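Take a look at the structure below.
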6 protein chains.
Amino acid sequence: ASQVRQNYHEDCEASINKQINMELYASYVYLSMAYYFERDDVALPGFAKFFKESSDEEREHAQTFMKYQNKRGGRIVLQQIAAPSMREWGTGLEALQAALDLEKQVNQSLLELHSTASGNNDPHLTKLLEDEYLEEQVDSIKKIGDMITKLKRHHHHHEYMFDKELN
Amino acid sequence: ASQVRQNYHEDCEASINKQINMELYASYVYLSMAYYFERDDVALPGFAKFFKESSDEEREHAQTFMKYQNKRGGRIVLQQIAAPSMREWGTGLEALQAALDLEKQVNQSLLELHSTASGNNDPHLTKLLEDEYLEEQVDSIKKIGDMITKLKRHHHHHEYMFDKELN
Amino acid sequence: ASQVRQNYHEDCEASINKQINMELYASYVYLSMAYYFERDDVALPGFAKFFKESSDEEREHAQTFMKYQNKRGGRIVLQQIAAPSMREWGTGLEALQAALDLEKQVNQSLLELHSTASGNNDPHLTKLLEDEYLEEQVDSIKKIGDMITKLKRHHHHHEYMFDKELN
Amino acid sequence: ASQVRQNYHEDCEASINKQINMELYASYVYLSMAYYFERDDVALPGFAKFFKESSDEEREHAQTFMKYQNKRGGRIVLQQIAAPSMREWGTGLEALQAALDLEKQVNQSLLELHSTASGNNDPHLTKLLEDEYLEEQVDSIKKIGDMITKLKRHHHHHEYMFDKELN
Amino acid sequence: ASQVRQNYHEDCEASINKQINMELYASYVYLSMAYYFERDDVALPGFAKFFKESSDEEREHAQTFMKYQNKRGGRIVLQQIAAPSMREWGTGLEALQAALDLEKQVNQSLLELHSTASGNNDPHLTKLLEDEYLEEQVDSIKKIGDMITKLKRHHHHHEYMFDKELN
Amino acid sequence: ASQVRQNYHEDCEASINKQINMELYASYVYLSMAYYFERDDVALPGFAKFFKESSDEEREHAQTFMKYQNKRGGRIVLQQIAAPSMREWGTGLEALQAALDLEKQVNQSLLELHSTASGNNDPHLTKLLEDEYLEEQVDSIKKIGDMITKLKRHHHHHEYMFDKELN
Ligand SMILES: [Fe+3]
Ligand SMILES: [Fe+3]
Ligand SMILES: [Fe+3]
Ligand SMILES: [Fe+3]
Ligand SMILES: [Fe+3]
Ligand SMILES: [Fe+3]
Ligand SMILES: [Fe+3]
Ligand SMILES: [Fe+3]
Ligand SMILES: [Fe+3]
Ligand SMILES: [Fe+3]
Ligand SMILES: [Fe+3]
Ligand SMILES: [Fe+3]
Ligand SMILES: [Zn+2]
Ligand SMILES: [Zn+2]
Ligand SMILES: [Zn+2]
């Protein structure tokens, strides 16, 4: 194996490559959303900017894991990247609900990666997860939750005024 | 329940709430020491600034935990803040000695929360305590321990000189 | 008593202590509110911030009174700080209504404290109440009343827009 | 259909959607090269930076096309992004040669899109392809051809110095 | 023991001392290297400077551990610092290979020290190892590996050019 | 032998090497004093800064001699650095008294090297010792001698006041 590899379990090496794929798929979804709210019959620039930023940060997530793979001497495996779930994301409100669920789904995967890393006594990897993914996951889920509470109060008039505060 | 809650055990929720009350209780004790060192018959302006700053940090500890209750999607439930042990704190040394004892009692309970957090595999909350509370506790216990040594020396003139250090 | 004490009747000394408790219990109420309006299921950052500031300002009324007690040679006597009524304030309009009433409870005590100081021919203490307390109380009550008038115009879409004017 | 749609053939709409998936795929391939040249057993810091910017520029080729799909009032349709042809990319020169090939396959699809645009009398779309795509690919093919020539002249001391020019 | 000591098991106290010795012996190795590469018959200023910095950084890992021991109320126990293996490292590639292996010896102890702290439920000490030591160790090991990969391209003319990139 | 060696007796070479070990040994002793004045039960931050700076200058003395071994074309041969005499240094006065004794033992050996250098008519090395080491020794012995006088006075309060001089 690699000259730098030390205390690096192959089960961890492999969940990193599975997680990179999930980070990228999450990137693709926020990209689909981002430009959907830019359609002439949707015209929500606030929501569109928020989901463009989400897709960039999901891209950054994936890069930080590929950098990590190489740091420990593992070898990236990247699969295909599935097409997003849906493609018509409905209201801004249904988009945020979709995103809330996708961000909880990623946190479940990151809490699993953490347990797999604790179970192999990889305290470097648990440090990575705590300091760069667990805290970003909890803050974002709270961010989105806050937004869905503001935006559940029906009219299209309300979405548009909420949108402007996003922008 | 909550739209953000994920992997936050109800025992962690409950022990965050006891700990909000305990931090505020510490604020109240230090606040009492602060102003007692301002009595015209005590008039040590260095201990007064030290304990008033201590009182302030203890309220940030509590608020950081209340912020945290809400990030994870638990409910803040506040309780009555007991009045301090004393209102007359004796000497600066005897107040330091009581400071040190209560920072030590705050750390025992923070480490108990870390033990609850671990047992419920909540890495998000063990990281909160490691980075935000356990290093501040140790450093405080050590600064207070250092000053107790400098002051321990008996004399009234030595204390008024140590006091100007802390101004 | 004290080397400094002069024309400071003990009923005023004792009322200043009971007033310190009320102010500190007023702080606790507002801090409750402050972090309630930060819950993901509430998400009114403007209200939250208004109650944070109020909570901080009640803590300072308390410190001024404790500074004052020491200035006049009386002795601070701290007691327990009760937890609020209910920690679920409901809407912002309902919280503000609780605040209006709380500010009037503290105005009525402050005015009683001022009659005690007048009855006992303490003009230094009348002057403290007039300058440092009664004016903030009438400013605060009026502001709150102004805000309630604005907010009574029942849907949750109005509240979000008022919450931004306050942010 | 869309209230903005004018003179936008559905074949061109479909070819933009196909081309979006090709820009993204090129993004992914350049992402694999980028991070493969940062392996501890490859460690070519310049080749890696060159492909990072390539990967990023491909991503923005795709977002222009999706930006454009909406201007003309078509509907973005994204599909799976295939995994890159490889995982190892060999020497820096082999990665360029694969990138010479790849940019040429993109230029070929771009030029076919132009012919579709021309046959369906879309001068707005021919304009876009001429002004935002066709010139960057001729310019990129020439840059890469130049580098291949420099690097060809087998020994591996020479490759590390070429990386030097690249960082 | 100490007025400050709390939840600091004596096996961790003793391991911190043995770790201080290792770090200080790691400093000695690098200082040897540093001035070897400055001999007139060697004359690799870049290598020399790299090993000077490394030597200085090992001295600081040692100081942090001695600061830490005092923070937790244990007692520093210093012992002799062995002279290196051989003081003739030969080529730069051979020195770097010795450094890679040394950094992995210190990584394996640091990871053992971290299992000791975990076994003894010291989360303050796990946190110190994670933040302050394990991350530098994986960065350092990977860097060294990267440098060895670059340098294996056997003639002494390559080495001089790599030595300048490092200068 | 060396391409730079000229008029550098092998006895001078050998005595430079004993002296590198002796300077590093001094660094280690001062380093021990440095951190012992940081124990929570000693807590004299002025002696700690004085001895930590002393430890640092002693390592520059050693490195200046290793640089020098290589200027003249001799071989650095490093040896084991003995652990300090003590780890508990008693009072600041008793540590100063031990500082003074070891600066006096360093000067005896520097003057012995000057005597070896002279006898081997090496004016280059007698000038090194005159300008770089013998004036620093005398000045140190005198500063330490001055402080021993200021401190000698018995009392705990006087030492904590002298200590703030040195901060
Ligand atoms: Fe992510
Ligand atoms: Fe995410
Ligand atoms: Fe605290
Ligand atoms: Fe505290
Ligand atoms: Fe008030
Ligand atoms: Fe008030
Ligand atoms: Fe492209
Ligand atoms: Fe391209
Ligand atoms: Fe180290
Ligand atoms: Fe190291
Ligand atoms: Fe010296
Ligand atoms: Fe010396
Ligand atoms: Zn951390
Ligand atoms: Zn050749
Ligand atoms: Zn060459």
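Cβ sites come from the backbone with ideal geometry, for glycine too, and all protein chains shown count toward neighbours. Bear in mind that the values in this text are calculations on the coordinates, not laboratory data.
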For this session: Would you mind pulling out the separation of the Cα centroids of the stretch A:117-167 and the stretch B:1-70, in Å?
Result: 27 Å
For this session: Sort F:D11, D:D146, F:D163 so that the residue with the fewest other Cβ atoms within 10 Å of its own Cβ comes first and the one with the most comes last.
Result: D:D146, F:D11, F:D163
Problem set entry | Eligible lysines near D:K152 by straight Cα distance, threshold 23 Å, same-chain separation 8 or greater | D:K49, D:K52, D:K104, D:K142, D:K143, D:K164, E:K150, E:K152
For this session: For the stretch B:115-120, take each phi angle, set θ = phi - 60°, evaluate the Karplus expression 6.51 cos²θ - 1.76 cosθ + 1.60, and give the result in whole Hz per residue in order, putting x for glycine and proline.
Result: 6, 3, 4, 3, x, 9
Exercise. Once every DSSP H run of n ≥ 4 in chain C is given -39500 (n - 2.57) and the sum is divided by its residues, what mean residue ellipticity at 222 nm do you get, rounded to the nearest 500 deg cm²/dmol?
Worked result: -24000 deg cm²/dmol
Exercise. B:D101 label points, 7 Å along Cα→Cβ, one per copy: pairwise distances from this copy to the rest in nm, shortest first?
Worked result: 4.2, 4.2, 5.7, 5.7, 7.9
Exercise. Going by how many other beta carbons lie within 10 Å of each one, how would you line up B:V4, D:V42, fewest first?
Worked result: D:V42, B:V4
Exercise. Once a ≥ b ≥ c are taken as the square roots of the eigenvalues of the Cα gyration tensor of the protein assembly as shown, is the result rounded (a/c under 1.5), prolate (a/b larger than b/c) or oblate (a/b not larger than b/c)?
Worked result: oblate
Problem set entry | Inter-copy separations for A:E132, label at 7 Å along Cα-Cβ, nm, ascending | 2.2, 2.2, 3.4, 4.4, 5.3
Exercise. Mean 1/r over all different Cα pairs, inverted: what Kirkwood radius does the stretch F:1-135 give, in Å?
Worked result: 15.9 Å
For this session: Mind checking B:120-133 for the average number of partner chain beta-carbons within 10 Å of each residue's beta-carbon?
Result: 5
For this session: Would you list, by chain and number, the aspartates and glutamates whose Cα falls below 12 Å from the Cα of B:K67, excluding same-chain residues fewer than 8 positions away?
Result: A:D139, C:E38, C:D40
Seminar exercise, completed: Treating only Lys and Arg (+1) and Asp and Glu (-1) as charged, each at its beta carbon, one finds that the protein assembly as shown has a dipole about its Cα centre, in Debye to the nearest 20, of 200 debye
Exercise. Hey, for B:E57 with labels 7 Å out along Cα-Cβ, what do the inter-copy distances come to in nm, ordered shortest first?
Worked result: 3.0, 3.1, 3.1, 3.4, 5.3
Seminar exercise, completed: Partner shielding of E:138-150, taken as the mean number of other chain Cβ atoms within 10 Å, equals 6
Seminar exercise, completed: Taking the dipole of the protein assembly as shown about the Cα centre (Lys, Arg +1; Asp, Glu -1; charges at Cβ), the one of A:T126, B:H155, C:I148 that reaches farthest to the positive side is A:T126
Exercise. To the nearest 20 debye, what charge dipole does chain C have about its Cα centre, counting +1 at the Cβ of each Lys and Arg and -1 at the Cβ of each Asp and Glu?
Worked result: 180 debye
Exercise. In terms of the Cα gyration tensor, with a ≥ b ≥ c the square roots of its eigenvalues, is the stretch A:1-64 rounded because a/c is under 1.5, prolate because a/b exceeds b/c, or oblate?
Worked result: prolate
Exercise. Fewest first, what order do F:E112, C:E103 take by the number of other Cβ atoms within 10 Å?
Worked result: F:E112, C:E103
For this session: Provide a whole-number value for the mean count of partner chain Cβ atoms within 10 Å of the Cβ atoms in peptide C:64-70.
Result: 3
